[PDB]
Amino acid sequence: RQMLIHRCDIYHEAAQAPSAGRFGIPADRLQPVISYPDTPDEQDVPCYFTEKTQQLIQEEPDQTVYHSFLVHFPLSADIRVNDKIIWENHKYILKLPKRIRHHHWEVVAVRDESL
């Protein structure tokens, strides 16, 4: 089947500097504040999709977007679950576990705002 190459930016979840919250109770080391950085950790990374799924997110007028897809990445790429990938201005989160097949990292990406 045809395999068009797409380009996305990837952001890894990261532990944020301890910051006492609510009455400034001391932060727990075993429970850091997890979030993404301002800028991409990886940029313009090559990939291609399969098992693409679409969904209607609006009516009158209708609106259809990709809900999820199995992303295929080069093995040299740093892929982590809960990664946020930006493809054509939309956010996606890597959900299910990733794995190696055909010398590629395979992992499911899911529409951010549907989480």
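In this text, residue numbers run from 1 along the sequence as written.
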| item | value |
| --- | --- |
| 80 to 88 or 58 to 66, whichever carries the higher mean Cα B-factor | 58 to 66 |
| 43 to 51 versus 25 to 33 - which carries the larger mean C-alpha B factor in the record | 25 to 33 |
| Of the residues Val108, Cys8, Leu4, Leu115, the one carrying the largest Cα B-factor as recorded | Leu115 |
| Residue with highest C-alpha B-factor in the PDB entry, from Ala17, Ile100, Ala14, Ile93 | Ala17 |
